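PDB author numbering puts the first residue of the sequence shown at -4, with every later residue one more than the last. Have a look at the structure below, then the notes.
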Amino acid sequence: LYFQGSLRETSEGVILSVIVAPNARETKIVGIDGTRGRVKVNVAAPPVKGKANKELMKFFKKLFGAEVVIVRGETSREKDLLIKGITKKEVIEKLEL
Ligand code: NA
């Protein structure tokens, strides 16, 4: 039940709670934070001109096959992503790949 601490399903989809580190060598999931209930995501983009947000959304849109929007934390390392029109079961399956 590893990724479950970072996700919740609302009427609109799944809110995936992440904590980003920019300037990374590769955009990828590197861990979970068990106290904050967030997936640690490295993002291979600079945190300028919204480029880390853009890369983060692109990565998860490709992973889930669904539109991903930042609902909270646009200017924070702690960001909540709405994965629109997907279920928690589908998100867990994809995160576990
Ligand atoms: Na950014």
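Each residue gets a CB set at the ideal place from its N, CA and C atoms; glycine is no exception.
Could you pull out every residue in the same chain whose Cβ sits closer than 6 Å to the Cβ of residue i, ignoring the five residues on either side in sequence?
| i | result |
| --- | --- |
| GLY8 | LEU77, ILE78, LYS79, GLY80, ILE81 |
Just how far apart, CA to CA, sit residue i and residue j?
| i | j | result |
| --- | --- | --- |
| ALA40 | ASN18 | 5 Å |
| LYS89 | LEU58 | 7 Å |
| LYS44 | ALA61 | 24 Å |
| residue 129 | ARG20 | Missing from the structure shown is residue 129; the chain here goes from -4 to 92 and no further. |
| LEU2 | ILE10 | 6 Å |
Between residue i and the rest of its own chain, which residues show a CB-CB distance below 7 Å, the 5 nearest in sequence each way excluded?
| i | result |
| --- | --- |
| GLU50 | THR22, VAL38, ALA39, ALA40 |
Residue i and residue j: beta carbons closer than 7 Å?
| i | j | result |
| --- | --- | --- |
| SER12 | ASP75 | yes |
| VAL15 | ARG67 | no |
| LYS53 | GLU4 | no |
| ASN48 | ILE65 | yes |
| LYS35 | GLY29 | no |
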